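Each remark here refers to the structure printed beneath this line.
Protein chains in written order, with the authors' numbering: chain A, 120 to 233; chain B, 3 to 27, 32 to 60; chain C, 129 to 233, 238 to 245; chain D, 81 to 274, 282 to 317, 326 to 445, 453 to 983, 1010 to 1116, 1128 to 1237.
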């Protein structure tokens, strides 16, 4: 869906009222094109350009690296313990456990490669 | 030329008059809109918008 | 080398014992020593052909190639002392004042009468 | 012995198996496309038969006085060509005769070798003058030359009578000319206008006047014996009269040659095509021209080499050899054997040839039949460039990798003077009158001078070569003089060649002093001379009276006391130009004017930084580069002895200033340069606990750089650093770069490469879907093109640049070539630089480029004549004599087979530039439109065609250098509110870094990111271009930026409405939708609201 957008509404009455206003706008363009609105951009200026060429916020980057490393190590511990915590099947079959495997996703995708 | 306001597929025409330029011999921007149907939970009562401006 | 020098490098290494060991010697067998010599020869030729002679000298300054050999042959055998013993030249390229001077980082006198 | 000799011969043949195939194919091919028609042969032979009837029905006459001859020739219309000095009755006691002539034909058309030529060829016709007409003392004091002149003039007049009798004046025109540009020997040229008019066969028949076999003594005719009295001799005149005596045994023994060998005709045409493509012909080179070597001298050398040539009378060229084998034999002999300073050759053409190893400062080929010396007309510089070009042909044939037959036999290098040679100087000399010469000349032209250098053209040419070579010395390798304005054709009514151009009554307009320059010693400020002793030596005395006021006595840094002459280095004009101006001003004439305006304006177009002493800073100077190297070494020190939890490994720069490719010379604290922040990689030691997720991997990189910045600001607080983002590779948004500012005023951006990036990228390209495979392939292609291959390119190109210092200005200027032409932003920098380096590293068939203009003209010429669709660019990026072999050659060629089966029309790939540091060759040329690549090639084609049509001049060079501003649809002229020339570093100065990073970003210009974001939001429908170097391309103050626009025809056309179009739309009816031009224009206007000024549309 390139060059498109998605406008979510609150309820059916809202989306129905907006669709009625849009078909009335189409009829207004059909009958009298002068009453139509004007589109105004929030015009980017040198403040916006120095915002784009502006350095990053050090505390924002610091809290970002902290929280993402925390959740990432949580994920990595959970995956390795789950895969090498001796997963057994329902009818008495045992999953093969190996030296430093932390990834059942890599078990299945390495079977997919081979 | 001024009566193109509705497509046979079900799309509508939204023209907008732009602010003029100091050295250009108003101009119209064309946007399209249609309701979008889906069984997704977070995609309830949505407007599929086509040709978004900058 | 990449700057056309011909070089010969001698590297030496030592086995070590683990702390848990109670055996008073930690020898390596024949497959061990042959694989060890192979992989260090690999990293030697690969790195000297990935670098020039100038960057090679500044690479042998910190002895980070030996740390690389440890963290590469870590999966074979425990080692304590890994060293390059010798570096000998064989054939020198043709001298460039440009290369030597651009490494090193046009003169006028005093009018004798 | 014999058996091992057959073994080494079959070893030669086994090594020469495939080249035999390809070369027999090529030679039979080009000989098909060059060969004549037997129809042309028969037309012209019946023509010469009718002329033979005329020459046998011309009658004869006896002794008459010179005054009666003058009365006859003032009574009739034809003028006799008396060569200076004119004969006088006081020193001419004798009279004249004319009897039957001995008629023969000469030239390769008599050697049975006729070929088609665009301009025309020569079928020379020899008319031999009788021994009874010869007196027993005629070789002395120009008397035989007067007999030859009166013979020729009476023959022309009676031929004119017989021609107007035989009605042929409607088709047969007569003129006078010079055989091989010798001023003393005039011949006739009979041609036809438009049954015996042979215009389609395009010939022009020469009629000569010759002498018979063994008519004068070789003992008194040798070059060391005089012939003119008033003791020096006249070797050129002696050789002329002797070879005009023995053309005839030459052709009989060379018909003996043609009867002993078979493919001689084709081999001689190979030699003739070699000469006519490299630029040599048979004309005189002593008169300020180039030549002296045609098919005549060629076939004499050919017979001499079949006769032998070696030290011990051995055989080098066998009669059982082919055209190719004759060509390669003569070229190896001419490449390995010296004839001017080392030795000379000898042969009895009537025992077996022998080399004798004493030199006579003259090319010396000896036949003891009538004691001839064949190569006396070629000058020392002409034989020098001949043996260099022979070594070049030896290199071209020794290349067993490339197919260089095109570069040997398709390139007339004398199409462009400024592309064949390196340096050109325009010299205008208003001499005046031969009696005014004593005050208008600095040298002496007297009786002995006239005897040794019979033509004043020869004398001035030799003296200017002498003064220029003794002034320059080792600062050039080769020295040549072209003389513009020379004509060798004069009508029958004038006594000699007459003109009034060049400020005098002589036949030249001006002088082109042309130089093949030694690149390593070209910019030495000092000219070292002799040592210093108690008595003034001869070389010290000639140094003193050669230099005068510039001469001095100096001591060195070791204290060394020698004679030396220093100069002042200038950026706009070179030291070679200054010293040649000084020499040609003092030792030739005080009124001649010397200029090198093309090199002057090139060096003026090169930008200049705002550093002290930049005006007298040379072009090859590397001071700012050395200072940034020292600053980077200090930063290397600090961040190397930094302690990190993981032991650090590698800190390698990849910067353009380190690769000597920066546009603006890097000025300290110049924070408006796009090349201010140069990239340096930082590699760690290997470790097992790497994150196996790419986002957390780049976040681990940011944590590395975060503690790097923290420790840096904690220990070395003078250093200021910050963080900036890198979005050059898509879909990896967390590549955050560490920018560091040194107190010296330099910037470096740090990016970490490790073992897991390409592994996780391979995991992604294995996991992705087939429809998404080419996009991720392009991203990985750009990734490994920016990261590791750039490092390999940087190190090897740093080696090659320190070998070739003269690559650094042209690869800086080449960006300036296409920065002004809107086509750097679409193309990759490594691709552009390899196009810049190719003619330097492969100088076939040029000279090795030792000048900016020559190299850049070579570059643009190769882009223009690049048939990119067909032949791949294979480069061997090595220092001059790791090299690429035949297996890698065929592998790249089979990659090219996959290339032309994957994309024929250029719709996926255009330029296949490949070298050692890329097995791909496709790794760099993506991210480009085919209209843009074809537009680069066609713009180079326009440049070469304008070079071909309108010479070289300031207006054509400015038209090459200015943008066209045409073949785009819409153009937006923008402005920045503050000038940027001082902050970017060009002098027509910022003190230190400000206390505000937002103020740094305020000084930084957003035009590049604006244009790139517009290209990103409109990639499918638009192809935009602009300038990135505003401080150099923004006028006199540097605040101008121009955004042009191209629309694809795919969206110029009308297409149906879709939901995945990615463009601004407007409908025409219920189904058809086109683009909204005015909406796009108002969109970019609202984006650049405070910056837009001018806007035009077609």
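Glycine included, every Cβ here is placed at the ideal spot set by N, Cα and C.
Along the segment 143-174 of chain A, where does the CB come closer than 8 angstroms to a CB of chain B? Name the residues. Listed in chain order, the positions of the segment 143-174 of chain A with a beta carbon within less than 8 angstroms of a beta carbon of chain B are 144, 145, 146, 148, 149, 152, 155, 156, 157, 158, 159 and 160.
Please classify residue 257 (chain D): does DSSP put it in a helix, a strand, or coil? Mapped onto the fourth chain, residue 257 (chain D) falls at position 177. Under the three-state reduction of DSSP output, residue 257 (chain D) falls in the strand class.
Quick check on the DSSP output: the beta strand (DSSP E) that includes residue 753 (chain D) runs from which residue to which? The count along the fourth chain starts at 1 and reaches residue 753 (chain D) at position 651. It spans 750-755 - the beta strand (DSSP E) in which residue 753 (chain D) sits, taken as one unbroken run.
Counting only the same chain and skipping the five closest in sequence on each side, list residues whose C-beta sits under 7 angstroms from that of residue 458 (chain D). Walking along the fourth chain from the start, residue 458 (chain D) turns up at place 356. Within its own chain, the residues whose Cβ lies closer than 7 angstroms to the Cβ of residue 458 (chain D), once the five positions on either side in sequence are excluded, are 438, 439 and 441, listed in chain order.
Same chain, Cβ closer than 8 angstroms to residue 1177 (chain D), five either side skipped, listed in chain order: As a position in the fourth chain, residue 1177 (chain D) is number 1038, starting the count at 1. Cβ-Cβ distances below 8 angstroms link residue 1177 (chain D) to 1107, 1108, 1109, 1112, 1114, 1169, 1170 and 1171 in the same chain, with the five nearest sequence neighbours on each side left out; the list follows chain order.
Indicate whether residue 243 (chain D) and residue 232 (chain D) have their beta-carbon atoms separated by less than 8 angstroms. Taking the first residue of the fourth chain as position 1, residue 243 (chain D) is located at position 163. Taking the first residue of the fourth chain as position 1, residue 232 (chain D) is located at position 152. No, the Cβ-Cβ distance between residue 243 (chain D) and residue 232 (chain D) is not below 8 angstroms.
Could you tell me whether the segment 693-707 of chain D touches the segment 654-663 of chain D, using the rule of 3 or more Cβ pairs below 8 angstroms? Touching, no.
Pick out the complete alpha helix (DSSP H) segments inside the segment 736-813 of chain D, 4 residues or longer, and give them in chain order. None, since the segment 736-813 of chain D contains no complete alpha helix (DSSP H) of that length.
Cβ pair count under 8 angstroms reaching 3, the segment 554-563 of chain D against the segment 326-333 of chain D: The segment 554-563 of chain D makes contact with the segment 326-333 of chain D, as at least three CB pairs between them are under 8 angstroms.
Any contact of the segment 706-721 of chain D with the segment 534-552 of chain D, i.e. 3+ C-beta pairs under 8 angstroms? By the Cβ test, the segment 706-721 of chain D is not in contact with the segment 534-552 of chain D, since fewer than three Cβ pairs between them sit closer than 8 angstroms.
For residue 614 (chain D), the first and last residue of its enclosing beta strand (DSSP E): The count along the fourth chain starts at 1 and reaches residue 614 (chain D) at position 512. Under the DSSP assignment, residue 614 (chain D) falls in the beta strand (DSSP E) whose first and last residues are 612-619.
Rounded separation between residue 166 (chain A) and residue 824 (chain D) - CA only: Reading the first chain from its first residue, position 47 is the one you call residue 166 (chain A). Reading the fourth chain from its first residue, position 722 is the one you call residue 824 (chain D). Computed Cα separation, rounded: 20 angstroms.
By the criterion of Cβ-Cβ separation under 9 angstroms, what are the contact partners of residue 53 (chain B) in chain A? The residue given as residue 53 (chain B) occupies position 47 in the second chain. At a beta-carbon threshold of 9 angstroms, the residues of chain A lying near residue 53 (chain B) are 124, 125, 126, 127, 128, 134, 137, 138 and 141, ordered along the chain.
Min CB distance residue 33 (chain B) to chain D below 8 angstroms: Position 27 of the second chain, counted from the start, is the residue given in the question as residue 33 (chain B). Chain D, which has a Cβ nearer than 8 angstroms to the Cβ of residue 33 (chain B), makes this yes.
Can you have a look at residue 159 (chain A) and say buried or exposed, based on whether 16 or more other CB atoms are within 10 angstroms of its CB? The residue you call residue 159 (chain A) lines up with position 40 of the first chain. Counting of Cβ neighbours within 10 angstroms places residue 159 (chain A) among the exposed residues, the total staying below 16.
Along the chain, where does the alpha helix (DSSP H) containing residue 911 (chain D) start, and where does it finish? Numbered from its first residue, the fourth chain carries residue 911 (chain D) at position 809. Taken as a continuous stretch (DSSP letters only), the alpha helix (DSSP H) holding residue 911 (chain D) covers 909-921.
Does DSSP put residue 341 (chain D) in a helix, a strand or coil? Translated into positions along the fourth chain, residue 341 (chain D) becomes position 246. If DSSP states are grouped into helix, strand and coil, residue 341 (chain D) belongs with coil.
Rounded to a whole number of angstroms, what is the C-alpha to C-alpha distance between residue 1096 (chain D) and residue 1054 (chain D)? Position 968 of the fourth chain, counted from the first residue, corresponds to residue 1096 (chain D). Position 926 of the fourth chain, counted from the first residue, corresponds to residue 1054 (chain D). Rounded to the nearest angstrom, the gap between the Cα atoms of residue 1096 (chain D) and residue 1054 (chain D) is 22 angstroms.
Per DSSP, which residues does residue 215 (chain D) bridge with? Please list them. Here residue 215 (chain D) is taken as the residue at index 135 of the fourth chain, counted from 1. Answer is none; residue 215 (chain D) lacks a bridge partner.
Could you check where the alpha helix (DSSP H) with residue 901 (chain D) kicks off and where it finishes? Taking the first residue of the fourth chain as 1, we reach residue 901 (chain D) at position 799. Residues 891-905.
Run through DSSP, which three-state label would residue 1029 (chain D) get? Taking the fourth chain and counting its residues from 1, one reaches residue 1029 (chain D) at position 901. Here residue 1029 (chain D) sits in helix by DSSP.
At a Cβ threshold of 8 angstroms, is residue 1148 (chain D) touching chain A? The residue you call residue 1148 (chain D) lines up with position 1009 of the fourth chain. Chain A contact via Cβ: present.
If you run the structure through DSSP and keep just helix, strand and coil, what is residue 428 (chain D)? The residue labelled residue 428 (chain D) in the question sits at position 333 within the fourth chain. Three-state result, residue 428 (chain D): helix.
Residue-chain proximity (residue 1199 (chain D), chain A), Cβ-Cβ < 8 angstroms: Along the fourth chain, read from residue 1 onward, the residue named residue 1199 (chain D) stands at position 1060. Yes, contact with chain A.
Closest Cβ-Cβ distance between residue 365 (chain D) and chain C: below 8 angstroms? The count along the fourth chain starts at 1 and reaches residue 365 (chain D) at position 270. No - not a single Cβ of chain C is within 8 angstroms of the one on residue 365 (chain D).
Apart from the five residues on each side of it in sequence, which residues of its chain come closer than 8 angstroms, Cβ to Cβ, to residue 673 (chain D)? Along the fourth chain, one-based indexing puts residue 673 (chain D) at 571. Taken in chain order, the residues that qualify are 705, 708, 710, 716, 717, 718, 719, 720 and 721.
Can you pull the chain B residues whose beta carbon is under 7 angstroms from the beta carbon of residue 1180 (chain D), in chain order? Here residue 1180 (chain D) is taken as the residue at index 1041 of the fourth chain, counted from 1. The contacting residues do not exist; residue 1180 (chain D) stays about 17 angstroms from chain B at best.
I'd like to check one pair, residue 146 (chain D) with residue 167 (chain D): are the Cβ atoms closer than 8 angstroms? Numbered from its first residue, the fourth chain carries residue 167 (chain D) at position 87. Numbered from its first residue, the fourth chain carries residue 146 (chain D) at position 66. Contact: yes.
Any chance the segment 847-858 of chain D sits against the segment 775-783 of chain D, with 3 or more Cβ pairs inside 8 angstroms? Flag = yes, the segment 847-858 of chain D and the segment 775-783 of chain D touch.
Within 8 angstroms, do at least three Cβ pairs link the segment 167-184 of chain C to the segment 42-50 of chain B? Fewer than three pairs of CB atoms, one per stretch, sit closer than 8 angstroms, so the segment 42-50 of chain B makes no contact with the segment 167-184 of chain C.
Could you say which of D:200, D:266 and D:261 lies nearest to residue 229 (chain D) if we only look at CA atoms? Numbered from 1 along the fourth chain, position 149 holds the residue referred to as residue 229 (chain D). The option with the nearest alpha carbon to residue 229 (chain D) is D:266.
Cβ of residue 196 (chain A) within 8 angstroms of any chain B Cβ: Here residue 196 (chain A) corresponds to residue number 77 of the first chain, with the count starting at 1. Output row for residue 196 (chain A): interface = no.
Does the distance from the C-beta atom of residue 503 (chain D) to that of residue 1017 (chain D) stay below 8 angstroms? Position 401 of the fourth chain holds residue 503 (chain D). Position 889 of the fourth chain holds residue 1017 (chain D). A Cβ-Cβ contact shorter than 8 angstroms links residue 503 (chain D) with residue 1017 (chain D).
Tell me the DSSP secondary structure of residue 498 (chain D) in three-state form. Reading the fourth chain from its first residue, position 396 is the one you call residue 498 (chain D). In this structure, residue 498 (chain D) counts as helix in the three-state DSSP scheme.
Look at residue 1174 (chain D) and residue 1180 (chain D) and say whether their C-beta atoms are less than 8 angstroms apart. As a working note, residue 1174 (chain D) is residue 1035 in the fourth chain. As a working note, residue 1180 (chain D) is residue 1041 in the fourth chain. Against a cut-off of 8 angstroms, the Cβ pair of residue 1180 (chain D) and residue 1174 (chain D) comes out as no contact.
Checking contacts by CB at 8 angstroms: is residue 777 (chain D) closer than that to chain A? One-based indexing of the fourth chain puts residue 777 (chain D) at position 675. Chain A contact via Cβ: absent.
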